[PDB]
$ cat entry.txt   # compact mmCIF, N, CA and C atoms and all ligand atoms
# COMPACT_ATOMS: atom_id res chain seq x y z
N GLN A 2 -38.78 46.78 69.42
CA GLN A 2 -40.02 47.53 69.25
C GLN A 2 -41.17 46.88 70.01
N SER A 3 -41.28 45.56 69.87
CA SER A 3 -42.31 44.79 70.55
C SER A 3 -42.21 44.97 72.06
N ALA A 4 -43.36 44.98 72.73
CA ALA A 4 -43.39 45.13 74.18
C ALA A 4 -42.69 43.95 74.83
N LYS A 5 -42.82 42.78 74.21
CA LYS A 5 -42.16 41.58 74.69
C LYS A 5 -40.65 41.76 74.62
N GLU A 6 -40.18 42.29 73.50
CA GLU A 6 -38.76 42.52 73.29
C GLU A 6 -38.25 43.66 74.16
N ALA A 7 -39.13 44.62 74.44
CA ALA A 7 -38.78 45.75 75.29
C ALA A 7 -38.61 45.32 76.74
N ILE A 8 -39.48 44.42 77.19
CA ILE A 8 -39.42 43.91 78.56
C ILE A 8 -38.21 42.99 78.73
N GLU A 9 -37.97 42.13 77.74
CA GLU A 9 -36.82 41.24 77.79
C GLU A 9 -35.53 42.04 77.83
N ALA A 10 -35.53 43.19 77.17
CA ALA A 10 -34.39 44.10 77.19
C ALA A 10 -34.24 44.72 78.57
N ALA A 11 -35.36 45.09 79.17
CA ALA A 11 -35.35 45.68 80.51
C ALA A 11 -34.87 44.65 81.53
N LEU A 12 -35.25 43.39 81.32
CA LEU A 12 -34.84 42.33 82.22
C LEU A 12 -33.37 41.98 82.00
N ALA A 13 -32.87 42.22 80.80
CA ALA A 13 -31.45 42.02 80.53
C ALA A 13 -30.62 43.01 81.35
N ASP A 14 -31.09 44.25 81.42
CA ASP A 14 -30.44 45.27 82.23
C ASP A 14 -30.57 44.95 83.71
N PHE A 15 -31.71 44.36 84.07
CA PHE A 15 -31.98 43.91 85.44
C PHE A 15 -30.90 42.93 85.90
N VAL A 16 -30.64 41.92 85.07
CA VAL A 16 -29.66 40.89 85.39
C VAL A 16 -28.26 41.49 85.49
N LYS A 17 -27.94 42.40 84.58
CA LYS A 17 -26.62 43.03 84.58
C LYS A 17 -26.40 43.84 85.85
N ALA A 18 -27.43 44.57 86.27
CA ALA A 18 -27.35 45.37 87.48
C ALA A 18 -27.13 44.48 88.70
N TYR A 19 -27.82 43.34 88.74
CA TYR A 19 -27.70 42.44 89.87
C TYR A 19 -26.32 41.81 89.95
N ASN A 20 -25.82 41.34 88.81
CA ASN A 20 -24.51 40.70 88.76
C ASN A 20 -23.37 41.67 89.06
N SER A 21 -23.65 42.97 88.90
CA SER A 21 -22.70 44.00 89.29
C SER A 21 -22.88 44.38 90.76
N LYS A 22 -23.78 43.66 91.44
CA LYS A 22 -24.09 43.93 92.84
C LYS A 22 -24.52 45.38 93.03
N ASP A 23 -25.37 45.85 92.12
CA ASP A 23 -25.90 47.21 92.16
C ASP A 23 -27.39 47.16 92.48
N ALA A 24 -27.71 47.06 93.77
CA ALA A 24 -29.09 46.94 94.21
C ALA A 24 -29.91 48.18 93.87
N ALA A 25 -29.28 49.34 93.91
CA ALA A 25 -29.94 50.59 93.55
C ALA A 25 -30.34 50.57 92.08
N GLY A 26 -29.44 50.07 91.24
CA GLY A 26 -29.71 49.94 89.82
C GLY A 26 -30.85 48.99 89.55
N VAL A 27 -30.86 47.87 90.27
CA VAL A 27 -31.94 46.90 90.18
C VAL A 27 -33.26 47.56 90.54
N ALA A 28 -33.26 48.28 91.66
CA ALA A 28 -34.46 48.91 92.17
C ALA A 28 -34.98 50.00 91.23
N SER A 29 -34.10 50.56 90.41
CA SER A 29 -34.49 51.64 89.50
C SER A 29 -35.37 51.12 88.36
N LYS A 30 -35.46 49.80 88.23
CA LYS A 30 -36.30 49.18 87.21
C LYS A 30 -37.75 49.12 87.66
N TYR A 31 -37.99 49.49 88.92
CA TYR A 31 -39.32 49.45 89.52
C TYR A 31 -39.95 50.83 89.61
N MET A 32 -41.28 50.87 89.53
CA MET A 32 -42.02 52.08 89.87
C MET A 32 -41.79 52.40 91.35
N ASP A 33 -41.97 53.66 91.71
CA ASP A 33 -41.78 54.09 93.10
C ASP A 33 -42.72 53.34 94.04
N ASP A 34 -43.95 53.10 93.58
CA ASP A 34 -44.96 52.43 94.39
C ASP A 34 -45.17 50.98 93.93
N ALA A 35 -44.12 50.38 93.39
CA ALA A 35 -44.18 48.98 92.97
C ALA A 35 -44.34 48.07 94.18
N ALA A 36 -44.77 46.84 93.95
CA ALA A 36 -44.91 45.87 95.02
C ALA A 36 -44.59 44.46 94.54
N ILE A 37 -43.95 43.68 95.41
CA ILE A 37 -43.64 42.29 95.13
C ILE A 37 -44.39 41.41 96.12
N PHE A 38 -45.08 40.40 95.59
CA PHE A 38 -45.86 39.47 96.39
C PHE A 38 -45.29 38.06 96.31
N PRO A 39 -44.34 37.73 97.20
CA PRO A 39 -43.89 36.34 97.24
C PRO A 39 -44.94 35.48 97.95
N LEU A 40 -45.46 34.47 97.27
CA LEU A 40 -46.57 33.68 97.79
C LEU A 40 -46.22 33.02 99.13
N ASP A 41 -47.17 33.07 100.05
CA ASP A 41 -47.00 32.55 101.41
C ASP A 41 -45.86 33.25 102.14
N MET A 42 -45.59 34.49 101.74
CA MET A 42 -44.60 35.33 102.39
C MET A 42 -45.10 36.77 102.47
N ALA A 43 -44.38 37.61 103.20
CA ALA A 43 -44.76 39.01 103.36
C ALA A 43 -44.48 39.80 102.08
N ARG A 44 -45.43 40.65 101.69
CA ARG A 44 -45.25 41.50 100.52
C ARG A 44 -44.18 42.55 100.78
N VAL A 45 -43.51 42.98 99.71
CA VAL A 45 -42.49 44.02 99.79
C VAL A 45 -42.95 45.23 98.99
N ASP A 46 -43.17 46.34 99.69
CA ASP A 46 -43.74 47.55 99.10
C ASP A 46 -42.74 48.70 99.01
N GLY A 47 -42.71 49.36 97.86
CA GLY A 47 -41.89 50.55 97.68
C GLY A 47 -40.51 50.23 97.15
N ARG A 48 -39.97 51.17 96.37
CA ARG A 48 -38.69 50.99 95.70
C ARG A 48 -37.54 50.71 96.66
N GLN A 49 -37.48 51.44 97.77
CA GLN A 49 -36.37 51.27 98.70
C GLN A 49 -36.41 49.90 99.38
N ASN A 50 -37.59 49.44 99.77
CA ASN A 50 -37.73 48.11 100.37
C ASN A 50 -37.42 47.02 99.35
N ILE A 51 -37.73 47.27 98.09
CA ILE A 51 -37.40 46.32 97.03
C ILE A 51 -35.89 46.28 96.85
N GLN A 52 -35.24 47.44 96.99
CA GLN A 52 -33.78 47.50 96.95
C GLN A 52 -33.20 46.68 98.10
N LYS A 53 -33.81 46.79 99.27
CA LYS A 53 -33.36 46.05 100.44
C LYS A 53 -33.49 44.55 100.22
N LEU A 54 -34.55 44.15 99.52
CA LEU A 54 -34.78 42.74 99.21
C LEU A 54 -33.66 42.18 98.34
N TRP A 55 -33.40 42.85 97.23
CA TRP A 55 -32.38 42.39 96.29
C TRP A 55 -30.98 42.50 96.89
N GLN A 56 -30.77 43.53 97.71
CA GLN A 56 -29.51 43.68 98.42
C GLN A 56 -29.33 42.52 99.40
N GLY A 57 -30.42 42.13 100.05
CA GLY A 57 -30.40 41.01 100.98
C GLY A 57 -30.03 39.71 100.29
N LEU A 58 -30.53 39.51 99.08
CA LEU A 58 -30.23 38.31 98.31
C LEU A 58 -28.75 38.30 97.92
N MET A 59 -28.24 39.46 97.53
CA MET A 59 -26.82 39.60 97.21
C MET A 59 -25.97 39.21 98.42
N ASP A 60 -26.38 39.69 99.59
CA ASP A 60 -25.64 39.44 100.82
C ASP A 60 -25.67 37.95 101.19
N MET A 61 -26.76 37.28 100.84
CA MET A 61 -26.91 35.85 101.10
C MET A 61 -26.00 34.99 100.21
N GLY A 62 -25.47 35.59 99.16
CA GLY A 62 -24.66 34.87 98.19
C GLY A 62 -25.49 34.35 97.03
N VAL A 63 -26.71 34.87 96.89
CA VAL A 63 -27.55 34.53 95.74
C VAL A 63 -26.93 35.14 94.49
N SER A 64 -26.83 34.35 93.42
CA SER A 64 -26.14 34.80 92.21
C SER A 64 -26.66 34.14 90.93
N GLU A 65 -26.18 34.65 89.80
CA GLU A 65 -26.46 34.08 88.49
C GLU A 65 -27.95 33.93 88.19
N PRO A 66 -28.71 35.03 88.31
CA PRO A 66 -30.13 34.95 87.96
C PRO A 66 -30.32 34.77 86.45
N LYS A 67 -31.15 33.81 86.08
CA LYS A 67 -31.48 33.55 84.68
C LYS A 67 -32.99 33.64 84.50
N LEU A 68 -33.41 34.60 83.67
CA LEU A 68 -34.83 34.88 83.47
C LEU A 68 -35.33 34.37 82.12
N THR A 69 -36.44 33.65 82.15
CA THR A 69 -37.08 33.15 80.93
C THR A 69 -38.49 33.73 80.81
N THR A 70 -38.64 34.69 79.90
CA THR A 70 -39.93 35.34 79.66
C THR A 70 -40.76 34.52 78.67
N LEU A 71 -42.01 34.25 79.03
CA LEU A 71 -42.90 33.53 78.13
C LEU A 71 -43.59 34.53 77.20
N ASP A 72 -44.89 34.74 77.39
CA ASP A 72 -45.63 35.68 76.55
C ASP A 72 -45.76 37.03 77.24
N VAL A 73 -45.92 38.08 76.44
CA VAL A 73 -46.14 39.43 76.96
C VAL A 73 -47.29 40.08 76.19
N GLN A 74 -48.30 40.53 76.93
CA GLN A 74 -49.47 41.17 76.35
C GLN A 74 -49.62 42.60 76.86
N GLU A 75 -49.80 43.53 75.94
CA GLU A 75 -49.96 44.94 76.27
C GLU A 75 -51.43 45.29 76.47
N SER A 76 -51.69 46.16 77.45
CA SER A 76 -53.03 46.65 77.72
C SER A 76 -52.95 48.07 78.26
N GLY A 77 -53.21 49.04 77.39
CA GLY A 77 -53.07 50.44 77.75
C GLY A 77 -51.64 50.76 78.12
N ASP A 78 -51.44 51.34 79.30
CA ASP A 78 -50.11 51.66 79.79
C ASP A 78 -49.54 50.53 80.64
N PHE A 79 -50.13 49.34 80.50
CA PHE A 79 -49.68 48.17 81.25
C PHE A 79 -49.23 47.05 80.33
N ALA A 80 -48.32 46.21 80.82
CA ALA A 80 -47.88 45.03 80.10
C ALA A 80 -47.87 43.82 81.03
N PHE A 81 -48.57 42.77 80.62
CA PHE A 81 -48.71 41.56 81.42
C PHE A 81 -47.73 40.49 80.96
N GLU A 82 -46.95 39.98 81.91
CA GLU A 82 -45.88 39.03 81.62
C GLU A 82 -45.93 37.84 82.57
N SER A 83 -45.69 36.65 82.01
CA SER A 83 -45.44 35.46 82.81
C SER A 83 -44.05 34.93 82.48
N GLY A 84 -43.44 34.22 83.42
CA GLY A 84 -42.11 33.69 83.19
C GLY A 84 -41.58 32.83 84.31
N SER A 85 -40.32 32.44 84.19
CA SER A 85 -39.65 31.62 85.20
C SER A 85 -38.27 32.18 85.49
N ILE A 86 -37.74 31.83 86.66
CA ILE A 86 -36.42 32.29 87.08
C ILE A 86 -35.64 31.14 87.68
N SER A 87 -34.33 31.13 87.42
CA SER A 87 -33.43 30.20 88.07
C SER A 87 -32.20 30.95 88.55
N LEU A 88 -31.68 30.54 89.71
CA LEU A 88 -30.52 31.18 90.29
C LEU A 88 -29.80 30.25 91.25
N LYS A 89 -28.60 30.65 91.67
CA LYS A 89 -27.83 29.89 92.65
C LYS A 89 -27.97 30.54 94.02
N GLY A 90 -28.32 29.73 95.02
CA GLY A 90 -28.51 30.23 96.37
C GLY A 90 -28.26 29.15 97.41
N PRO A 91 -28.10 29.56 98.68
CA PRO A 91 -27.81 28.62 99.76
C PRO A 91 -29.02 27.82 100.21
N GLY A 92 -28.82 26.52 100.43
CA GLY A 92 -29.84 25.66 101.01
C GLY A 92 -29.75 25.70 102.53
N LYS A 93 -30.55 24.87 103.19
CA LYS A 93 -30.56 24.82 104.65
C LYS A 93 -29.22 24.32 105.20
N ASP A 94 -28.45 23.63 104.36
CA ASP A 94 -27.12 23.16 104.73
C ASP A 94 -26.05 24.19 104.39
N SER A 95 -26.49 25.37 103.94
CA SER A 95 -25.61 26.48 103.58
C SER A 95 -24.87 26.26 102.26
N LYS A 96 -25.05 25.09 101.65
CA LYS A 96 -24.42 24.79 100.37
C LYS A 96 -25.18 25.47 99.24
N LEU A 97 -24.44 25.95 98.24
CA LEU A 97 -25.06 26.63 97.10
C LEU A 97 -25.64 25.61 96.12
N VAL A 98 -26.93 25.75 95.85
CA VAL A 98 -27.64 24.87 94.93
C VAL A 98 -28.44 25.69 93.92
N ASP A 99 -28.90 25.03 92.86
CA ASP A 99 -29.74 25.67 91.87
C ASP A 99 -31.16 25.79 92.41
N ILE A 100 -31.71 27.00 92.33
CA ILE A 100 -33.05 27.28 92.83
C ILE A 100 -33.89 27.89 91.72
N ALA A 101 -35.12 27.40 91.59
CA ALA A 101 -36.01 27.83 90.52
C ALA A 101 -37.32 28.36 91.08
N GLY A 102 -38.03 29.14 90.27
CA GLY A 102 -39.31 29.69 90.66
C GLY A 102 -40.08 30.18 89.45
N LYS A 103 -41.35 30.51 89.67
CA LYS A 103 -42.22 30.99 88.61
C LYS A 103 -42.81 32.33 89.02
N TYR A 104 -43.24 33.12 88.05
CA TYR A 104 -43.81 34.42 88.35
C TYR A 104 -44.75 34.94 87.26
N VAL A 105 -45.66 35.81 87.68
CA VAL A 105 -46.39 36.67 86.77
C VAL A 105 -46.14 38.09 87.24
N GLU A 106 -46.07 39.04 86.32
CA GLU A 106 -45.87 40.42 86.72
C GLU A 106 -46.43 41.42 85.73
N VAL A 107 -46.72 42.61 86.26
CA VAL A 107 -47.31 43.69 85.49
C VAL A 107 -46.33 44.85 85.42
N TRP A 108 -46.02 45.27 84.19
CA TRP A 108 -45.17 46.43 83.96
C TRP A 108 -46.05 47.64 83.68
N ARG A 109 -45.49 48.83 83.90
CA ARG A 109 -46.21 50.07 83.64
C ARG A 109 -45.32 51.08 82.92
N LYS A 110 -45.88 51.72 81.90
CA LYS A 110 -45.13 52.73 81.15
C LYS A 110 -45.03 53.98 82.01
N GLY A 111 -43.81 54.29 82.45
CA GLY A 111 -43.59 55.39 83.37
C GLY A 111 -43.43 56.75 82.72
N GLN A 112 -42.84 57.68 83.47
CA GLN A 112 -42.55 59.02 82.98
C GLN A 112 -41.21 59.01 82.26
N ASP A 113 -41.27 58.78 80.95
CA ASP A 113 -40.09 58.48 80.14
C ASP A 113 -40.55 57.81 78.85
N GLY A 114 -41.45 56.84 79.00
CA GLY A 114 -41.92 56.02 77.90
C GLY A 114 -41.35 54.62 78.02
N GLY A 115 -40.47 54.43 79.00
CA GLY A 115 -39.86 53.14 79.25
C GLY A 115 -40.68 52.32 80.23
N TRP A 116 -40.55 51.00 80.14
CA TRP A 116 -41.29 50.08 81.00
C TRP A 116 -40.62 49.88 82.35
N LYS A 117 -41.40 49.98 83.42
CA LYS A 117 -40.93 49.71 84.77
C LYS A 117 -41.86 48.73 85.48
N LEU A 118 -41.29 47.87 86.31
CA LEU A 118 -42.07 46.88 87.06
C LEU A 118 -43.00 47.56 88.05
N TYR A 119 -44.21 47.01 88.16
CA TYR A 119 -45.25 47.58 89.02
C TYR A 119 -45.76 46.56 90.02
N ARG A 120 -46.11 45.37 89.53
CA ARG A 120 -46.57 44.29 90.39
C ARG A 120 -45.94 42.96 89.99
N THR A 121 -45.49 42.21 90.99
CA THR A 121 -44.90 40.90 90.78
C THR A 121 -45.45 39.90 91.79
N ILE A 122 -45.94 38.78 91.29
CA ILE A 122 -46.35 37.66 92.13
C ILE A 122 -45.48 36.47 91.77
N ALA A 123 -44.82 35.88 92.76
CA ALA A 123 -43.82 34.85 92.51
C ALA A 123 -43.81 33.77 93.58
N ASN A 124 -43.25 32.62 93.22
CA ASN A 124 -43.11 31.49 94.13
C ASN A 124 -41.85 30.70 93.85
N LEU A 125 -41.21 30.24 94.92
CA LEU A 125 -40.06 29.36 94.81
C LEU A 125 -40.54 27.92 94.67
N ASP A 126 -40.04 27.24 93.65
CA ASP A 126 -40.40 25.84 93.42
C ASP A 126 -39.96 25.01 94.63
N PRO A 127 -40.81 24.06 95.06
CA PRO A 127 -40.42 23.23 96.21
C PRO A 127 -39.13 22.47 95.93
N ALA A 128 -38.34 22.23 96.97
CA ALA A 128 -37.05 21.56 96.81
C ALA A 128 -36.60 20.92 98.12
N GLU A 131 -34.27 26.33 102.48
CA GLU A 131 -34.38 27.10 103.71
C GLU A 131 -35.81 27.06 104.25
N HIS A 132 -35.93 27.07 105.58
CA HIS A 132 -37.24 27.06 106.23
C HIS A 132 -37.98 28.36 105.99
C1 LIG B 1 -33.44 33.25 96.19
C2 LIG B 1 -33.68 32.72 97.35
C3 LIG B 1 -33.14 31.38 97.70
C4 LIG B 1 -32.57 31.39 99.11
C5 LIG B 1 -33.58 31.90 100.08
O1 LIG B 1 -34.69 31.11 99.95
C6 LIG B 1 -33.98 33.30 99.70
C7 LIG B 1 -34.57 33.29 98.35
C8 LIG B 1 -35.61 34.08 98.07
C9 LIG B 1 -36.28 34.05 96.79
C10 LIG B 1 -37.25 34.89 96.51
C11 LIG B 1 -38.07 35.53 97.58
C12 LIG B 1 -38.42 36.92 97.16
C13 LIG B 1 -39.06 36.98 95.78
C14 LIG B 1 -38.18 36.35 94.76
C15 LIG B 1 -36.87 37.07 94.72
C16 LIG B 1 -38.72 36.13 93.37
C17 LIG B 1 -38.59 37.30 92.39
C18 LIG B 1 -39.33 38.50 92.91
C19 LIG B 1 -39.16 36.89 91.04
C20 LIG B 1 -39.35 38.00 90.03
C21 LIG B 1 -38.08 38.35 89.33
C22 LIG B 1 -38.24 39.38 88.21
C23 LIG B 1 -36.97 40.18 88.13
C24 LIG B 1 -38.49 38.67 86.89
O2 LIG B 1 -39.25 40.31 88.45
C25 LIG B 1 -37.85 34.98 92.84
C26 LIG B 1 -37.18 34.32 94.04
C27 LIG B 1 -37.96 34.89 95.20
$ encode --input "entry.txt" --output "structure tokens" --more "lines below"
Ligand SMILES: C=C1CC[C@H](O)C/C1=C/C=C1\CCC[C@]2(C)[C@@H]([C@H](C)CCCC(C)(C)O)CC[C@@H]12
Amino acid sequence: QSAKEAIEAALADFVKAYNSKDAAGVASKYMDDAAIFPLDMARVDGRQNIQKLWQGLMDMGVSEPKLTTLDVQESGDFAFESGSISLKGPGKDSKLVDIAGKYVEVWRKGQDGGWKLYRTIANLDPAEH
């Protein structure tokens, strides 16, 4: 019932879609005009480009995403969330290592009543060029 519990549930489906290598399913968790802002990197705009991003990560051999949601605050048709992510991905030596990052993001109640991602700002913890 809680917005926090609703988002954590949505992120649970997010992880399942990714581990099934279903980039379209992953992208369906986003608003059509959603945007991702990786810090010191190019922003990714629109559902299809976001699908391309997650598909690209799958192709790289990125796997086992683990999401840790901190607090979630509701404001009108928006929900504000902060959290952290850990996953397995290739280093500059092509070897698979544990990679971590932090994020804040804004969800929006779509046409349905369900929560969909709208804005995400994220960074990879220092540790590929
Ligand atoms: C993985 C690797 C490690 C190997 C290469 O560095 C490529 C790389 C990219 C990581 C990214 C860049 C794009 C933005 C990402 C994917 C962040 C996500 C957008 C964070 C938000 C995740 C969610 C689902 C909670 O909303 C986390 C990691 C970031």
$ closest_atom_pairs --input "entry.txt" --of "chain A" --to "ligand LIG 1 (chain B)" --cutoff "6 Å" --atoms "only N, CA and C atoms and all ligand atoms" --output "Markdown table"
| residue | atom | partner | partner_atom | distance |
| --- | --- | --- | --- | --- |
| A:39 | CA | B:LIG1 | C13 | 5.1 |
| A:90 | CA | B:LIG1 | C3 | 5.0 |
| A:91 | N | B:LIG1 | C4 | 4.8 |
| A:102 | CA | B:LIG1 | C25 | 5.9 |
| A:104 | CA | B:LIG1 | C19 | 5.9 |
| A:123 | CA | B:LIG1 | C19 | 5.3 |
| A:124 | N | B:LIG1 | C16 | 5.7 |
| A:125 | N | B:LIG1 | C27 | 5.7 |
| A:131 | N | B:LIG1 | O1 | 5.4 |
$ atom_distance --input "entry.txt" --atom1 "atom C of residue 50 of chain A" --atom2 "atom N of residue 15 of chain A"
16.5 Å
$ atom_distance --input "entry.txt" --atom1 "atom N of residue 22 of chain A" --atom2 "atom C of residue 68 of chain A"
17.5 Å
$ residues_around --input "entry.txt" --residues "residue 72 of chain A" --least-positions-apart "3" --cutoff "7 Å" --atoms "only N, CA and C atoms" --output "VMD selection string"
chain A and resid 5 81 to 84
$ select_by_dssp --input "entry.txt" --residues "segment 43-92 of chain A" --states "helix (DSSP H, G or I)" --output "PyMOL selection string"
chain A and resi 48-61
$ residues_around --input "entry.txt" --residues "residue 121 of chain A" --least-positions-apart "5" --cutoff "5 Å" --atoms "only N, CA and C atoms" --output "number ranges by chain"
A: 36-38, 105-107
$ select_by_dssp --input "entry.txt" --residues "chain A" --states "strand (DSSP E)" --output "count of residues only"
61
$ atom_distance --input "entry.txt" --atom1 "atom C of residue 127 of chain A" --atom2 "atom N of residue 60 of chain A"
21.7 Å
$ residues_around --input "entry.txt" --residues "residue 31 of chain A" --least-positions-apart "3" --cutoff "9 Å" --atoms "only C-alpha atoms" --output "PDB file with N, CA and C atoms, keeping the file's coordinate frame"
ATOM      1  N   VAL A  27     -30.860  47.870  90.270  1.00  0.00           N
ATOM      2  CA  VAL A  27     -31.940  46.900  90.180  1.00  0.00           C
ATOM      3  C   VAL A  27     -33.260  47.560  90.540  1.00  0.00           C
ATOM      4  N   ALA A  28     -33.260  48.280  91.660  1.00  0.00           N
ATOM      5  CA  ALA A  28     -34.460  48.910  92.170  1.00  0.00           C
ATOM      6  C   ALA A  28     -34.980  50.000  91.230  1.00  0.00           C
ATOM      7  N   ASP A  34     -43.950  53.100  93.580  1.00  0.00           N
ATOM      8  CA  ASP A  34     -44.960  52.430  94.390  1.00  0.00           C
ATOM      9  C   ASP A  34     -45.170  50.980  93.930  1.00  0.00           C
ATOM     10  N   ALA A  35     -44.120  50.380  93.390  1.00  0.00           N
ATOM     11  CA  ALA A  35     -44.180  48.980  92.970  1.00  0.00           C
ATOM     12  C   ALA A  35     -44.340  48.070  94.180  1.00  0.00           C
ATOM     13  N   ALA A  36     -44.770  46.840  93.950  1.00  0.00           N
ATOM     14  CA  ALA A  36     -44.910  45.870  95.020  1.00  0.00           C
ATOM     15  C   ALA A  36     -44.590  44.460  94.540  1.00  0.00           C
ATOM     16  N   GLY A  47     -42.710  49.360  97.860  1.00  0.00           N
ATOM     17  CA  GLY A  47     -41.890  50.550  97.680  1.00  0.00           C
ATOM     18  C   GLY A  47     -40.510  50.230  97.150  1.00  0.00           C
ATOM     19  N   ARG A  48     -39.970  51.170  96.370  1.00  0.00           N
ATOM     20  CA  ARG A  48     -38.690  50.990  95.700  1.00  0.00           C
ATOM     21  C   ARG A  48     -37.540  50.710  96.660  1.00  0.00           C
ATOM     22  N   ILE A  51     -37.730  47.270  98.090  1.00  0.00           N
ATOM     23  CA  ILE A  51     -37.400  46.320  97.030  1.00  0.00           C
ATOM     24  C   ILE A  51     -35.890  46.280  96.850  1.00  0.00           C
ATOM     25  N   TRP A 108     -46.020  45.270  84.190  1.00  0.00           N
ATOM     26  CA  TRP A 108     -45.170  46.430  83.960  1.00  0.00           C
ATOM     27  C   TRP A 108     -46.050  47.640  83.680  1.00  0.00           C
ATOM     28  N   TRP A 116     -40.550  51.000  80.140  1.00  0.00           N
ATOM     29  CA  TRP A 116     -41.290  50.080  81.000  1.00  0.00           C
ATOM     30  C   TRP A 116     -40.620  49.880  82.350  1.00  0.00           C
ATOM     31  N   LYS A 117     -41.400  49.980  83.420  1.00  0.00           N
ATOM     32  CA  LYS A 117     -40.930  49.710  84.770  1.00  0.00           C
ATOM     33  C   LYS A 117     -41.860  48.730  85.480  1.00  0.00           C
ATOM     34  N   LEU A 118     -41.290  47.870  86.310  1.00  0.00           N
ATOM     35  CA  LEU A 118     -42.070  46.880  87.060  1.00  0.00           C
ATOM     36  C   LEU A 118     -43.000  47.560  88.050  1.00  0.00           C
ATOM     37  N   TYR A 119     -44.210  47.010  88.160  1.00  0.00           N
ATOM     38  CA  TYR A 119     -45.250  47.580  89.020  1.00  0.00           C
ATOM     39  C   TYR A 119     -45.760  46.560  90.020  1.00  0.00           C
ATOM     40  N   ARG A 120     -46.110  45.370  89.530  1.00  0.00           N
ATOM     41  CA  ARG A 120     -46.570  44.290  90.390  1.00  0.00           C
ATOM     42  C   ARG A 120     -45.940  42.960  89.990  1.00  0.00           C
TER      43      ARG A 120
END
$ closest_residue --input "entry.txt" --among "A:6, A:114, A:86, A:11" --to "residue 64 of chain A" --atoms "only C-alpha atoms"
A:86
$ axis_aligned_box --input "entry.txt" --around "segment 4-8 of chain A" --padding-each-side "4 Å" --output "AutoDock Vina command-line options"
--center_x -40.8 --center_y 43.7 --center_z 75.7 --size_x 13.2 --size_y 12.2 --size_z 14.0
$ closest_residue --input "entry.txt" --among "A:65, A:9, A:46, A:126" --to "residue 33 of chain A" --atoms "only C-alpha atoms"
A:46
$ closest_residue --input "entry.txt" --among "A:85, A:18, A:96, A:3" --to "residue 69 of chain A" --atoms "all atoms listed in the file"
A:85
